[PDB]
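This report concerns only the one structure given below.
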Amino acid sequence: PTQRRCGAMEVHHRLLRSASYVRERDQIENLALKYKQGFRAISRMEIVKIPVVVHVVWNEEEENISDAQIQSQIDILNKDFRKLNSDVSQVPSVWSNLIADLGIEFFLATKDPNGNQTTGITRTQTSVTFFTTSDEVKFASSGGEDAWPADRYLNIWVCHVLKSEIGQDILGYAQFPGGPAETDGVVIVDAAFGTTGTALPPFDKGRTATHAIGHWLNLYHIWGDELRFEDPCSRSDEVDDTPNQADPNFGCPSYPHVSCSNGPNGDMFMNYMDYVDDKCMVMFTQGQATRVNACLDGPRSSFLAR
Ligand SMILES: [Ca+2]
Ligand SMILES: [Zn+2]
């Protein structure tokens with residue numbers, strides 16, 4: 001009974017408290033709001049390629065993932081984000097003209113933050129076995145490689161065991177943009193990372209990382225969130241073109257799944273921000289991309305200028 005469980009929202013409550021994150025998060029949403037209404041939409045017509053470093057923390061070598069495994073994930077992302085995935089053909093025709101190309105690929109930096117030529121994969125032996133939504137795997141003191149600077153690279157943590165504060169075993173999380181630097185990255189368990197090696201289905205397509213990436217582009221789950229105290233229909237992903245559902249669908253669904261009306265269009269289970277299996281989450285919406293655009297210009301302005 002392995003269910004998809006994303007702790008990124010569990011991070012989000014705990015993010016609020018220092019209020020340093022609160023200042024940035026308000027500024028971050030006004031851009032993503034003003035972009036939403038249409039106000040300013042000067043669009044870049046060049047895709048941006050983004051440097052990425054993977055931190056493997058292995059308690060055992062079997063946990064330590066092969067490099068070939070790491071690449072299979074890297075490739076599948078660059079297929080997913082430019083409308084290149086073979087899976088895009090599974091979207092119902094109702095939304096064929098709504099599928100989007102984020103206009104984004106990424107790479108494993110030739111250079112580490114100090115300048116020397118680097119692979120892009122740090123491997124750290126750790127004595128710990130479990131890891132939490134406490135983000136303790138990110139920091140060095142807790143058996144997890146120090147995060148590389150947030151403006152130069154996008155940090156990655158891959159470990160064997162990921163758990164929630166509730167205890168329910170998670171596949172990964174993500175820290176929202178404008179967040180404090182040393183956590184400004186995403187973590188995915190080793191069995192959801194890539195298309196081979198220790199990667200296992202229904203996370204062998206590696207879309208599990210794709211999903212928690214979207215939180216790094218400031219994408220809410222389609223349903224709003226369960227962090228949010230509300231009647232389930234009044235929590236929304238602030239994306240107009242995705243049908244506002246309230247219940248995540250896991251596994252693979254039968255078209256259509258009707259949540260908070262939106263019938264007969266049904267839920268957008270094909271969206272990577274739903275909890276479906278990897279082979280059924282295939283695409284990103286035009287609205288979502290527009291939200292990504294707003295995350296890139298103001299919060300992440302560093303990466304565009306490279
Ligand atoms: Ca929506
Ligand atoms: Zn998530």
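Every chain in the structure tokens takes a letter, A first, then B, and so on in the order presented; its residues are numbered from 1, and the ligands are numbered from 1 following the presented order.
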Could you list the protein, DNA and RNA residues that have any atom within 6 Å of ligand 1, counting only C-alpha atoms and all ligand atoms, and write them as an NGL selection string? :A and (222 or 236-244)
Could you tell me, as a VMD selection string, which residues of stretch 45-282 of chain A DSSP assigns to alpha helix (DSSP H) when given the backbone? chain A and resid 67 to 80 207 to 214
Selection near residue A:281, 9 Å with only C-alpha atoms, sequence-local residues under 6 positions removed, as JSON, numbers by chain: {"A": [87, 88, 207, 211, 252, 268, 269, 270, 271, 272, 273, 274, 275]}
May I have the selected residues written with N, CA, C and O atoms, as a JSON list (two decimals), in the first residue's frame?
```
[["chain", "number", "residue", "atom", "x", "y", "z"],
["A", 87, "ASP", "N", 4.33, 10.95, -22.91],
["A", 87, "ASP", "CA", 3.08, 10.85, -22.15],
["A", 87, "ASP", "C", 2.09, 11.98, -22.43],
["A", 87, "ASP", "O", 0.93, 11.87, -22.02],
["A", 88, "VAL", "N", 2.52, 13.05, -23.10],
["A", 88, "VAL", "CA", 1.64, 14.20, -23.32],
["A", 88, "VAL", "C", 0.40, 13.80, -24.10],
["A", 88, "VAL", "O", -0.64, 14.45, -23.99],
["A", 207, "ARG", "N", 8.64, 11.15, -12.54],
["A", 207, "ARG", "CA", 7.77, 12.32, -12.41],
["A", 207, "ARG", "C", 7.59, 12.75, -10.96],
["A", 207, "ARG", "O", 7.10, 13.86, -10.72],
["A", 211, "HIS", "N", 7.03, 16.65, -9.80],
["A", 211, "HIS", "CA", 5.92, 17.18, -9.02],
["A", 211, "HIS", "C", 6.41, 18.13, -7.93],
["A", 211, "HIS", "O", 6.04, 19.31, -7.91],
["A", 252, "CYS", "N", -3.91, 5.45, -10.88],
["A", 252, "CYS", "CA", -4.28, 5.97, -12.17],
["A", 252, "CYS", "C", -5.79, 6.02, -12.30],
["A", 252, "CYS", "O", -6.47, 5.01, -12.06],
["A", 268, "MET", "N", -8.05, 17.30, -13.21],
["A", 268, "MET", "CA", -6.90, 17.27, -14.09],
["A", 268, "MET", "C", -5.83, 16.33, -13.52],
["A", 268, "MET", "O", -4.74, 16.74, -13.13],
["A", 269, "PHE", "N", -6.18, 15.03, -13.48],
["A", 269, "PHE", "CA", -5.25, 14.04, -12.91],
["A", 269, "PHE", "C", -3.99, 13.90, -13.75],
["A", 269, "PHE", "O", -2.95, 13.48, -13.23],
["A", 270, "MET", "N", -4.07, 14.26, -15.03],
["A", 270, "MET", "CA", -2.89, 14.30, -15.88],
["A", 270, "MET", "C", -1.87, 15.32, -15.40],
["A", 270, "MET", "O", -0.70, 15.26, -15.81],
["A", 271, "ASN", "N", -2.28, 16.26, -14.56],
["A", 271, "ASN", "CA", -1.37, 17.29, -14.06],
["A", 271, "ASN", "C", -0.38, 16.70, -13.06],
["A", 271, "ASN", "O", -0.73, 15.88, -12.21],
["A", 272, "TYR", "N", 0.87, 17.15, -13.15],
["A", 272, "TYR", "CA", 1.93, 16.64, -12.27],
["A", 272, "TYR", "C", 1.69, 17.01, -10.82],
["A", 272, "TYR", "O", 2.32, 16.41, -9.93],
["A", 273, "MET", "N", 0.84, 17.98, -10.55],
["A", 273, "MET", "CA", 0.57, 18.41, -9.18],
["A", 273, "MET", "C", -0.52, 17.59, -8.50],
["A", 273, "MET", "O", -0.84, 17.85, -7.33],
["A", 274, "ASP", "N", -1.11, 16.61, -9.20],
["A", 274, "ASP", "CA", -1.96, 15.62, -8.55],
["A", 274, "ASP", "C", -1.11, 14.44, -8.09],
["A", 274, "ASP", "O", 0.03, 14.26, -8.52],
["A", 275, "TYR", "N", -1.70, 13.63, -7.22],
["A", 275, "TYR", "CA", -0.96, 12.55, -6.58],
["A", 275, "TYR", "C", -1.01, 11.24, -7.37],
["A", 275, "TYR", "O", -0.70, 10.18, -6.81]]
```
Would you write out, as a tab-separated table, a table of all residues in chain A that have an atom no more than 12 Å from an atom of ligand 2, listing for each the closest atom pair and the distance in Å to one decimal, considering only C-alpha atoms and all ligand atoms and ordering rows by chain and rising residue number?
```
residue	atom	partner	partner_atom_place_in_ligand_line	distance
A:4	CA	ligand 2	1 (Zn)	8.9
A:5	CA	ligand 2	1 (Zn)	7.4
A:6	CA	ligand 2	1 (Zn)	4.4
A:7	CA	ligand 2	1 (Zn)	6.7
A:8	CA	ligand 2	1 (Zn)	5.6
A:9	CA	ligand 2	1 (Zn)	7.0
A:10	CA	ligand 2	1 (Zn)	9.7
A:11	CA	ligand 2	1 (Zn)	10.6
A:12	CA	ligand 2	1 (Zn)	10.9
A:170	CA	ligand 2	1 (Zn)	9.9
A:171	CA	ligand 2	1 (Zn)	9.4
A:172	CA	ligand 2	1 (Zn)	7.8
A:173	CA	ligand 2	1 (Zn)	6.2
A:174	CA	ligand 2	1 (Zn)	7.1
A:175	CA	ligand 2	1 (Zn)	9.9
A:176	CA	ligand 2	1 (Zn)	10.5
A:186	CA	ligand 2	1 (Zn)	10.5
A:187	CA	ligand 2	1 (Zn)	11.0
A:188	CA	ligand 2	1 (Zn)	10.7
A:207	CA	ligand 2	1 (Zn)	11.4
A:208	CA	ligand 2	1 (Zn)	8.8
A:209	CA	ligand 2	1 (Zn)	9.4
A:210	CA	ligand 2	1 (Zn)	9.6
A:211	CA	ligand 2	1 (Zn)	6.1
A:212	CA	ligand 2	1 (Zn)	5.0
A:213	CA	ligand 2	1 (Zn)	8.4
A:214	CA	ligand 2	1 (Zn)	7.9
A:215	CA	ligand 2	1 (Zn)	6.7
A:216	CA	ligand 2	1 (Zn)	10.0
A:217	CA	ligand 2	1 (Zn)	11.6
A:218	CA	ligand 2	1 (Zn)	10.7
A:219	CA	ligand 2	1 (Zn)	8.8
A:220	CA	ligand 2	1 (Zn)	7.7
A:221	CA	ligand 2	1 (Zn)	6.2
A:222	CA	ligand 2	1 (Zn)	9.6
A:223	CA	ligand 2	1 (Zn)	10.7
A:224	CA	ligand 2	1 (Zn)	10.8
A:225	CA	ligand 2	1 (Zn)	9.5
A:226	CA	ligand 2	1 (Zn)	11.2
A:227	CA	ligand 2	1 (Zn)	11.8
A:237	CA	ligand 2	1 (Zn)	11.7
A:248	CA	ligand 2	1 (Zn)	10.4
A:271	CA	ligand 2	1 (Zn)	11.7
A:272	CA	ligand 2	1 (Zn)	9.0
A:273	CA	ligand 2	1 (Zn)	6.4
A:274	CA	ligand 2	1 (Zn)	7.8
A:275	CA	ligand 2	1 (Zn)	7.7
A:276	CA	ligand 2	1 (Zn)	11.1
```
Give me the residues near residue A:104 as a ChimeraX atom specification, where near means some atom within 10 Å (using only C-alpha atoms) and where sequence neighbours in that chain fewer than 4 positions away do not count. /A:46-50,77-83,289,292
Applying 10 Å and only C-alpha atoms, which residues near residue A:125 remain after dropping the ones on its own chain fewer than 5 positions away? List them as a VMD selection string. chain A and resid 56 to 61 63 to 64 143 to 145
Please identify all polymer residues within 8 Å of stretch 36-45 of chain A, counting only C-alpha atoms, omitting same-chain residues fewer than 6 positions from it, and present them as a ChimeraX atom specification. /A:239,287,290-291,293
File of the preceding selection, C-alpha atoms, as an mmCIF file, in the first residue's frame:
```cif
data_model
loop_
_atom_site.group_PDB
_atom_site.id
_atom_site.type_symbol
_atom_site.label_atom_id
_atom_site.label_comp_id
_atom_site.auth_asym_id
_atom_site.auth_seq_id
_atom_site.Cartn_x
_atom_site.Cartn_y
_atom_site.Cartn_z
ATOM 1 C CA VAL A 239 -4.427 28.662 -11.467
ATOM 2 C CA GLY A 287 -1.828 28.987 -16.329
ATOM 3 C CA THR A 290 2.429 31.729 -16.180
ATOM 4 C CA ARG A 291 2.710 31.285 -12.426
ATOM 5 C CA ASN A 293 7.057 32.873 -15.004
#
```
Would you mind listing what lies within 8 Å of stretch 92-98 of chain A as a list in words, with only C-alpha atoms counted and same-chain residues fewer than 5 positions away left out?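 My reading of the contact set: residues 241, 265, 285 and 286 of chain A.
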Pick from A:51, A:115, A:120, A:251: nearest to residue A:151, with only C-alpha atoms counted? A:51
Atomic distance atom CA of residue A:184 - atom CA of residue A:23, expressed in Å with one decimal: 16.0 Å
Give me, as number ranges by chain, the residues of stretch 7-72 of chain A that a backbone DSSP run labels strand (DSSP E). A: 48-58
